[PDB]
K.L.:
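Structure in structure tokens, see below.
Here is how names work: the chains are called A, B, and so on, in the same order as the sequence lines, proteins then strands, and each is numbered from 1.
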Amino acid sequence: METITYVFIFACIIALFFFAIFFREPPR
Amino acid sequence: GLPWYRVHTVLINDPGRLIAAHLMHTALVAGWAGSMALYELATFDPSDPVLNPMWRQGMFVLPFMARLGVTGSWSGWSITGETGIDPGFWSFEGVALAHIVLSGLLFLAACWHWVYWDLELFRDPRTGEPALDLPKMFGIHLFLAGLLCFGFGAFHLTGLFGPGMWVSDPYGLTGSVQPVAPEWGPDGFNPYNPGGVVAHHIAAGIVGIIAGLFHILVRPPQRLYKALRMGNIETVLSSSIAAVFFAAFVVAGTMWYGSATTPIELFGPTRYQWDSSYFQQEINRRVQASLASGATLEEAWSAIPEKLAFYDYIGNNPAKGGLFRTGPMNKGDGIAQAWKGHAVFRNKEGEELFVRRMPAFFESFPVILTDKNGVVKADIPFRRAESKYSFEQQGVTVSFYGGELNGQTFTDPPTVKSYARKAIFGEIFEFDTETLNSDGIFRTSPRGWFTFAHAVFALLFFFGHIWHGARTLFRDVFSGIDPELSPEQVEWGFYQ
Amino acid sequence: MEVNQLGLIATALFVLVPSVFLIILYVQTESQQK
Amino acid sequence: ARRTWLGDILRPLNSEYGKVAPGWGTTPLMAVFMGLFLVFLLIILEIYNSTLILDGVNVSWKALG
Amino acid sequence: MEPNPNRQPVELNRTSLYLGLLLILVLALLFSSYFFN
Amino acid sequence: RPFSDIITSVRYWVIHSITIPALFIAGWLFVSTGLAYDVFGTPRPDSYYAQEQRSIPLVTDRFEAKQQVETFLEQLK
Amino acid sequence: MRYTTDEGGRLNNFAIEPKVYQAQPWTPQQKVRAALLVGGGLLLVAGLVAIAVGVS
Amino acid sequence: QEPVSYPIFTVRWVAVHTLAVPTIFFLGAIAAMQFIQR
Amino acid sequence: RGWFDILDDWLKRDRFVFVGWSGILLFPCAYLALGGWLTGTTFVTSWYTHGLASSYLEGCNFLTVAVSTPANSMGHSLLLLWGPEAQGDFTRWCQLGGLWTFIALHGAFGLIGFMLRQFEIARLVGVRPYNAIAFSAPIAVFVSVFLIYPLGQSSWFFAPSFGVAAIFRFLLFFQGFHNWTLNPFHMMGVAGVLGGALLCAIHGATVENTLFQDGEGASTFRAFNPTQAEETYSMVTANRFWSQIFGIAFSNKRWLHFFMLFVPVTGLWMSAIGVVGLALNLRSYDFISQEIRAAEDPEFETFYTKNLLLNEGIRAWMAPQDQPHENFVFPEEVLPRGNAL
Amino acid sequence: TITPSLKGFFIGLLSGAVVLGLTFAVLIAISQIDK
Ligand code: CLA
Ligand code: CLA
Ligand code: CLA
Ligand code: CLA
Ligand code: CLA
Ligand code: CLA
Ligand code: CLA
Ligand SMILES: C=Cc1c(C)c2cc3nc(c4c5[nH]c(cc6nc(cc1[nH]2)C(C)=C6CC)c(C)c5C(=O)[C@@H]4C(=O)OC)[C@@H](CCC(=O)OC/C=C(\C)CCC[C@@H](C)CCC[C@H](C)CCCC(C)C)[C@@H]3C
Ligand SMILES: CC1=C(/C=C/C(C)=C/C=C/C(C)=C/C=C/C=C(C)/C=C/C=C(C)/C=C/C2=C(C)CCCC2(C)C)C(C)(C)CCC1
Ligand SMILES: CC1=C(/C=C/C(C)=C/C=C/C(C)=C/C=C/C=C(C)/C=C/C=C(C)/C=C/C2=C(C)CCCC2(C)C)C(C)(C)CCC1
Ligand SMILES: CC1=C(/C=C/C(C)=C/C=C/C(C)=C/C=C/C=C(C)/C=C/C=C(C)/C=C/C2=C(C)CCCC2(C)C)C(C)(C)CCC1
């Protein structure tokens with residue numbers, strides 16, 4: 001119940017890492 | 001352009017839409033009041049008030065309804081215990097329905113003021129751009145505030161045409177709704193005197209009338225108008241936040257320390273009554289006064305109400321129970337059923353021992369049985385390898401007087417240990433834990449919840465106050481332009 | 001151990017409501033450019 | 001604009017809008033009311049705190065007695 | 001009605017989404033331990 | 001004006017090399033004559049406890065507080 | 001109206017404040033129109049201290 | 001800033017004398033405390 | 001010109017130090033607080049309000065002295081000199097801990113004067129008063145722990161006494177009774193303060209190593225001291241380094257220097273909320289699941305249960321003489337011990 | 001009638017009056033000499 005919630009929130013942090021590195025806003 | 005923290009800055013330069021928004025906020029507040037009312041009228045239990053009152057059940061708005069004179073129900077009950085009452089329209093369900101329709105009307109007027117936003121009243125026609133007359137506004141509204149304060153004091157509180165207010169005795173046994181006379185002597189600043197409250201609302205009301213007329217009939221002087229930068233709606237807000245957090249701080253303290261306008265039959269004991277061992281001294285006073293007139297212990301302890309003993313139960317402090325313990329106090333230890341009776345421990349020598357009660361500071365506290373002067377004469381050993389005092393070397397017996405157990409005596413060490421273990425809480429009660437599936441871990445009363453909420457909102461409104469106080473005095477640097485200057489229309493050069 | 005049925009609802013709302021709020025503002029200001 | 005009946009009635013109530021009486025005015029009179037209020041707050045704070053005891057007043061629950 | 005002249009748009013760029021979402025999801029991980037108890 | 005220049009100016013020296021020792025000695029005598037103990041109500045180190053008592057002096061009432069200290073001091077506690 | 005903040009290409013709004021203006025000494029019409037209100041005020045607060053004496 | 005003429009009382013003057021005179025009294029107190037026999 | 005304006009201009013003259021209107025509240029209150037502490041750690045006892053010794057006169061070193069709080073039998077008293085408990089007698093007033101309230105209240109007024117001083121200087125120079133806003137973090141901390149918390153407990157006795165070891169005692173008392181480290185708001189505070197120091201070091205190093213004209217015989221001279229820097233280095237260099245190491249960097253200098261302001265300030269504010277929560281004795285001490293599992297199963301041990309055992313020990317062995325006005329006496333077979341488990 | 005604590009409050013506000021009276025008095029005097 002609780003632990004699935006914990007690992008899901010973890011998984012979306014590390015996904016957000018990936019998104020911030022390889023898809024940053026082009027500053028123009 | 002606006003960030004997510006500048007979206008409501010498009011009302012600054014037009015009052016029509018500002019009022020639309022303000023009406024809307026008001027609709028939501030009245031709706032929440034009504035909706036919350038109805039919800040906890042579905043969990044309130046009116047059969048038993050003496051060992052199951054509202055503040056044990058975590059009622060939040062019921063104490064604020066009860067404090068001013070709403071007590072009935074159209075379902076035929078009352079919070080006093082009176083069954084078959086005739087309340088008329090004004091009962092809990094009535095005020096709830098009232099607030100919900102009040103919200104409906106407010107929501108409609110808010111809609112009205114949003115679609116129609118261009119009304120020449122808000123403009124000033126000499127330049128045809130929006131402005132307010134802020135001193136005149138404060139005056140008008142002070143006149144209204146004063147007259148309403150005067151009326152509320154003079155007709156409702158007095159019981160002159162209204163019902164009066166909630167009055168109690170010092171121990172919170174017999175309290176009820178009754179009229180109150182005003183008191184303007186130097187005993188009217190006694191903050192445990194109802195009369196001071198009636199005096200205050202009349203008097204404050206008259207000040208409001210006087211000042212309200214005054215601010216219509218005098219304009220501001222120039223030095224203040226330029227100093228405090230009036231004519232800028234963002235400074236009214238700056239002042240109001242300061243006032244509002246002053247008020248929250250002082251009600252936080254008045255709720256936590258107690259006053260006559262926060263009774264202990266609607267908000268439960270304060271923690272300062274447990275520290276001073278208030279009800280305990282009263283119980284002993286009654287017991288010695290009954291023994292002195294001739295009595296044995298059984299009769300003497302049978303003549304103490306259940307209610308007076310219930311307050312000497314530490315489970316009613318608003319200073320037990322933590323932040324992420326959520327539920328009524330009844331979730332905490334279950335619902336009380338009965339008073340076991342006063343427990344007296346004695347050794348086999350015969351001498352009467354006294355159980356040292358637990359401060360509020362701890363989560364767990366030893367059981368150390370002390371005699372008359374203060375020397376330890378028995379104890380429950382934490383060790384399981386070592387004892388010099390135990391309930392097998394000092395042979396302590398518990399005897400019960402009053403309550404369910406009149407004259408019961410246990411002399412078997414484990415049962416006597418269990419009684420000592422739950423008698424550092426004070427008086428011993430029978431609980432039913434299956435109804436809520438309680439866990440035995442403490443919970444705080446509504447009082448603690450209220451004061452905590454308001455003591456943190458006040459501290460946040462401090463930062464609010466400084467931020468807005470800055471944005472009005474440093475307005476000429478947050479924007480590059482000065483409102484002193486009217487926008488520039490025509491350029492002159494100077495070039496070699 | 002007793003784990004709350006309502007602890008899960010607090011968790012669920014706590015993330016989902018602000019996330020969809022910010023996302024809607026973002027797609028709104030993206031259609032502001034194109 | 002929207003010419004409407006209640007707006008015209010309230011029109012003269014918002015028509016000064018920036019007018020001010022010359023110089024200091026009643027600032028020295030404000031300061032008198034202001035000071036009295038602060039002294040009032042100290043009196044009613046110290047009574048509550050039991051730092052100012054005025055005979056015939058008893059600051060406890062037992063005044064509902 | 002006649003259009004409001006005080007109508008301005010609202011912005012939120014991508015890096016603010018990343019930051020903001022991080023804060024939301026992180027704050028959830030800290031307080032979820034206490035909600036579940 | 002730099003502080004270095006006024007500190008080594010003759011006007012400073014002529015008054016201050018007379019007043020500086022006076023202050024140092026006034027402090028020294030405030031302690032050495034036993035007066036420091038009598039002004040700040042700090043007990044002498046042979047006298048924190050009475051003969052009879054082995055318990056500390058402790059205040060237990062706020063309006064009869066000075067009365068309780070006056071009593072504790074007569075019994076030489 | 002207020003167009004501000006090229007820091008990110010952004011907006012911030014602030015109030016438009018009226019101009020200041022030194023009062024003109026009152027006309028006799030202004031004096032008598034004011035007189036009704038203050039006279040009403042005088043008797044109104046008298047009457048309310050009267051109700052106050054009655055309700056105790 | 002403050003005129004070089006420097007009349008006897010000056011903002012600077014009181015500032016350096018409310019941090020000079022008590023300290024020379026107090027350091028003379030502490031020094032005497034060092035020779036008190038326990 | 002009228003007397004008010006002459007006075008006002010003279011308060012705003014060009015001096016070594018600015019006095020200003022805010023100075024009028026600032027300087028007496030600050031001086032008297034600071035002197036009050038200096039005369040207290042040097043002469044004033046605590047022998048009648050804690051049974052401890054904390055003075056150079058009594059004989060103690062720099063770390064163990066304090067100006068100590070009043071007793072628990074004084075309640076929430078303001079402790080005026082002319083009030084009805086010292087009744088105008090200096091010796092009693094120092095003995096009863098009245099010097100504690102002197103420092104606390106005068107120091108609150110010194111802090112108010114100081115934030116007002118920051119506003120006043122900002123407005124006469126004409127800069128934004130952001131440094132005053134930054135200074136609301138100390139005030140939040142101070143009014144929550146030295147004023148709001150004791151006004152919730154039972155007296156000023158649990159207010160934090162001014163002193164080195166006296167504050168070290170506060171830490172153990174909080175660790176043992178409230179379990180402060182497990183509260184989430186303090187968790188957020190620790191992260192914020194360490195995060196502020198983190199940005200301090202990184203900024204300080206990466207500006208120092210990317211300067212324009214670190215050789216070249218620097219032909220820039222101004223300075224322009226109020227800039228502080230923030231053109232003596234190339235932003236493009238910095239960005240281009242960090243964006244490869246950590247995979248993210250700033251690209252806007254303004255927002256960097258606002259993030260530096262944002263982080264440690266938000267930290268202290270969250271902790272200030274946390275401790276005003278403790279004033280009502282609303283704490284998180286335990287997780288209810290762990291307690292029921294541990295009651296049902298005693299073969300269950302975690303690092304958290306362990307913390308509970310340690311806290312249980314701190315309280316019982318420190319309390320009988322930390323709180324002597326409770327008169328606890330605990331036999332040595334009831335005090336907690338690990339070897340009894 | 002008067003209680004001792006009430007005299008104490010009177011003492012208190014009289015020292016308050018004195019110390020603010022003095023501070024603004026000397027500051028008004030000092031400013032208006034060297035204006
Ligand atoms: C902590 C700092 C702080 C700061 C930066 C501000 C900033 C400001 N306030 Mg605010 N204010 C504060 C605290 C503060 N306030 C507090 C705590 C209160 C009480 C709730 C107020 C209530 C207040 C109001 C209601 C208003 C202001 C206004 C103002 C602005 C006007 C000019 C000014 O400088 O006044 C600063 C002057 C003061 C704060 C006066 C200090 C008074 C003292 C020293 C009282 C001492 C009494 C007595 C001698 C000792 C008591 C002893 C005690 C133990 C009993 C402004 C900059 C106005 C505003 O919004 O401007 C836009 C306005 O409407 N102030
Ligand atoms: C900026 C100046 C300043 C400020 C803000 C403070 C602030 C404070 N001082 Mg203080 N003090 C100062 C300078 C200052 N000090 C100086 C220079 C001295 C040395 C002489 C002292 C010496 C001193 C002592 C020794 C003590 C304090 C105390 C106090 C505090 C307690 C509150 C109190 O008693 O209020 C007093 C204020 C009032 C009663 C308000 C006075 C209001 C006036 C002036 C109006 C009167 C108008 C009119 C005549 C009234 C008519 C009334 C009638 C209608 C009934 C407060 C923290 C005490 C303390 O901290 O206790 C914990 C304490 O022991 N002060
Ligand atoms: C139209 C009149 C009206 C009436 C008669 C009521 C009547 C009631 N409301 Mg209510 N309410 C109204 C409109 C009204 N409502 C509106 C418009 C709102 C939305 C903003 C609300 C929102 C509201 C809430 C949220 C709640 C109630 C509640 C209640 C009930 C309990 C008593 C109570 O809480 O009093 C207590 C009232 C006070 C303590 C008021 C204190 C006022 C302050 C501090 C004013 C100080 C500022 C002043 C200007 C200072 C200067 C004064 C000057 C003269 C000198 C009572 C039956 C409660 C309830 O049980 O609802 C079911 C509740 O929680 N009301
Ligand atoms: C703001 C003031 C306030 C206060 C003091 C209370 C107090 C009360 N409410 Mg309550 N309530 C409020 C507003 C408030 N309410 C509002 C606005 C809502 C509508 C959404 C509710 C909804 C509500 C429900 C649903 C119930 C109550 C109940 C109760 C009572 C039972 C005790 C309890 O379970 O506490 C619970 C305490 C709270 C709800 C507030 C404290 C919350 C926690 C633990 C954390 C707060 C911080 C949070 C994690 C966010 C952190 C963010 C971070 C970034 C800083 C208690 C007396 C219960 C009841 O009727 O019992 C019979 C019940 O079931 N109330
Ligand atoms: C009391 C009334 C009040 C009013 C009328 C305003 C009005 C305003 N403030 Mg202010 N403010 C207040 C209180 C108030 N504030 C308080 C208490 C604080 C201290 C935290 C601040 C701190 C503050 C800052 C620091 C800033 C503003 C800004 C703004 C403006 C921006 C628009 C906006 O709505 O934000 C848009 C909406 C959001 C930011 C979303 C908030 C989501 C939250 C956190 C709450 C969700 C609802 C909440 C749980 C409901 C319960 C409320 C509770 C108090 C009972 C606006 C004109 C900004 C400004 O000046 O712009 C130029 C700016 O920089 N305010
Ligand atoms: C003969 C007429 C008369 C009488 C008998 C009263 C009687 C009363 N008035 Mg009063 N009053 C009157 C006329 C009268 N008034 C008039 C004409 C005015 C002006 C219009 C006022 C203005 C007034 C005010 C301003 C207040 C009262 C309050 C009160 C009552 C509360 C007593 C109490 O509980 O203290 C309770 C509390 C205190 C004495 C503490 C005051 C605290 C101060 C001033 C500072 C706050 C500092 C800071 C922001 C807090 C930080 C807290 C943090 C550390 C935890 C009492 C019923 C008070 C009230 O409603 O309290 C609930 C309140 O604040 N009245
Ligand atoms: C290891 C990491 C760590 C870190 C980073 C922190 C971080 C923090 N802790 Mg700590 N803490 C920790 C571990 C840690 N904690 C542990 C393990 C415990 C054991 C239980 C505690 C127990 C603890 C307690 C009990 C408290 C904190 C508090 C604080 C915070 C307040 C900021 C501060 O220091 O205020 C320090 C003080 C101030 C900012 C006030 C400054 C006052 C002024 C400006 C005085 C004037 C100075 C000077 C004389 C003027 C000079 C003039 C001259 C230059 C001209 C901060 C969030 C406090 C807190 O959160 O309160 C809100 C608090 O009450 N902590
Ligand atoms: C314990 C840690 C700590 C200390 C010691 C401290 C100290 C100080 N912070 C100041 C400022 C600030 N601090 C800031 C953020 C922070 N400050 C923090 C933590 C601290 N800050 C943290 C963590 C932050 C990050 C958010 C900012 C942003 C500012 C400033 O802008 C400001 C400044 O000017 O910095 C240079 C200075 C105010 C100078 C002044 O004119 O005082 C005015 C007050 C005076 C003169 C006296 C006040 C009253 C007294 C005497 C009572 C206290 C008790 C006595 C000192 C007795 C001794 C106590 C013992 C425990 C030793 C001062 C040096
Ligand atoms: C239209 C109409 C109508 C109807 C209406 C209605 C139906 C209403 C209702 C209303 C309502 C019914 C409303 C409600 C609202 C609510 C709210 C508004 C709430 C809020 C909340 C909050 C704000 C919270 C917060 C919090 C949380 C969440 C957690 C923690 C704590 C706190 C407090 C922070 C009628 C028919 C009558 C009439 C005609 C018309
Ligand atoms: C005080 C008092 C009282 C009460 C009163 C009241 C409360 C009143 C009311 C008032 C109000 C509160 C009112 C309101 C109203 C509103 C309205 C009237 C609205 C309207 C609107 C409309 C009509 C709209 C329309 C629209 C639009 C605009 C858009 C779209 C949609 C629609 C179409 C819908 C009583 C009796 C108890 C007595 C004593 C005193
Ligand atoms: C309490 C009181 C009061 C006040 C008084 C005062 C205000 C005092 C002052 C006092 C003071 C104000 C003192 C001072 C002291 C100081 C000292 C004692 C110093 C020392 C120093 C040194 C020795 C140095 C050291 C060092 C450092 C710091 C750093 C580095 C290292 C070295 C080693 C160099 C009055 C009368 C109001 C009222 C009644 C009570």
Side-chain angles (χ1 to χ4, degrees), chain B residues 185-193 196 250 253 257, chain D residues 35-60 63, chain F residues 39-41 59-71 73, chain I residues 28-29 32-33 35-36 39-40 44 48-49 67 69-109 147 150-151 155-157 159, chain J residues 1-23:
Chain B
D187 192 27
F189 295 98
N190 183 342
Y192 294 108
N193 203 44
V250 289
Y257 301 128
Chain D
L36 295 210
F37 192 44
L38 174 58
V39 176
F40 174 97
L41 297 183
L42 281 144
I43 293 158
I44 64 154
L45 197 157
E46 294 194 351
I47 288 161
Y48 195 102
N49 202 267
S50 309
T51 295
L52 172 51
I53 300 295
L54 280 171
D55 49 12
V57 192
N58 168 12
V59 185
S60 57
Chain F
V39 172
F40 294 93
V59 186
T60 45
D61 182 22
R62 50 190 282 197
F63 299 114
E64 304 312 298
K66 43 186 315 192
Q67 188 48 243
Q68 273 188 16
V69 180
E70 192 158 83
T71 285
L73 277 169
Chain I
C29 301
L32 258 66
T39 195
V44 173
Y48 303 73
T49 60
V67 199
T69 44
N72 193 92
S73 61
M74 308 314 267
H76 283 124
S77 192
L78 309 159
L79 290 162
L80 311 193
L81 180 66
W82 42 97
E85 306 95 19
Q87 288 201 326
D89 181 359
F90 177 81
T91 316
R92 297 295 166 284
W93 178 79
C94 309
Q95 289 182 289
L96 287 180
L99 197 52
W100 189 86
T101 65
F102 190 75
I103 297 154
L105 297 174
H106 278 84
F109 281 134
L147 302 169
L151 291 163
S155 47
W156 294 108
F157 188 88
Chain J
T1 193
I2 315 295
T3 52
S5 41
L6 185 59
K7 293 190 64 42
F9 189 69
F10 292 168
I11 297 305
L13 54 94
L14 186 74
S15 298
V18 154
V19 51
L20 308 146
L22 282 172
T23 319

K.L.:
The criterion is side chain to side chain contact (heavy atoms under 4.5 Å, CB included); which residues satisfy it with D:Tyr48, sequence neighbours excluded?
P.N.:
B:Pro191, B:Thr254, B:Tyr257
K.L.:
Of the non-hydrogen atoms in I:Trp100 and I:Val67, which two are nearest, and what is the gap between them?
P.N.:
CD1-O, 3.8 Å
K.L.:
If only atom types and distance count, is the side chain of J:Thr3 paired as donor or acceptor with the main-chain N or O of D:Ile53 below 3.5 Å?
P.N.:
yes
K.L.:
Of all the heavy-atom pairs spanning I:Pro84 and J:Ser5, show the shortest one and how long it is.
P.N.:
CB-CB, 4.3 Å
K.L.:
Just by distance, do the side chain of I:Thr101 and the backbone of I:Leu78 share a donor-acceptor pair under 3.5 Å?
P.N.:
yes
K.L.:
To the nearest 0.5 Å, tell me how far I:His76 NE2 sits from D:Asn49 CG.
P.N.:
9.0 Å
K.L.:
Would you please classify the geometry between the I:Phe102 ring and the I:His106 ring as parallel, tilted or perpendicular, with 30° and 60° separating the classes?
P.N.:
tilted
K.L.:
Does some side-chain heavy atom of F:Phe40 sit less than 4.5 Å from a side-chain heavy atom of I:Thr39?
P.N.:
yes
K.L.:
Show the nearest heavy-atom pair for residues I:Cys29 and I:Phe109, with the distance to one decimal.
P.N.:
SG-CB, 3.9 Å
K.L.:
Distance from I:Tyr48 atom OH to F:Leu73 atom CG, nearest 0.5 Å?
P.N.:
4.5 Å
K.L.:
Rounded to the nearest 0.5 Å, how far apart are OG1 of I:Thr49 and CG of I:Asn72?
P.N.:
11.5 Å
K.L.:
Which value, rounded to the nearest 0.5 Å, describes the distance between I:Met74 atom CE and F:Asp61 atom CG?
P.N.:
8.5 Å
K.L.:
Has the side chain of I:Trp156 got a donor or acceptor atom that lies under 3.5 Å from a matching backbone atom of I:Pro150?
P.N.:
no
K.L.:
Distance from D:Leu38 atom CG to D:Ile43 atom CD1, nearest 0.5 Å?
P.N.:
10.0 Å
K.L.:
Would the distance check show the side chain of B:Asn190 and the main-chain N or O of D:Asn58 forming a donor-acceptor pair, the cut-off being under 3.5 Å?
P.N.:
yes
K.L.:
What distance do D:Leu41 atom CG and D:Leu36 atom CG have between them, rounded to the nearest 0.5 Å?
P.N.:
11.0 Å
K.L.:
Is any side-chain heavy atom of I:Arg92 closer than 4.5 Å to one of I:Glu85?
P.N.:
no
K.L.:
So, for I:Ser73 and F:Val59, which heavy atoms are closest and what is the spacing to 0.1 Å?
P.N.:
OG-O, 3.2 Å
K.L.:
Hey, does D:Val57 have a side-chain heavy atom less than 4.5 Å from the side chain of B:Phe189?
P.N.:
no
K.L.:
Between D:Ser50 and F:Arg62, does a side chain to side chain contact (heavy atoms under 4.5 Å, CB included) hold up when you go through it step by step?
P.N.:
CA-CA 11 Å; D:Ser50 309; F:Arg62 50 190 282 197; 4.2 Å; yes
K.L.:
What I'd like to find out is whether the side chain of I:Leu99 reaches to under 4.5 Å of the side chain of I:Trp93, using heavy atoms alone.
P.N.:
yes
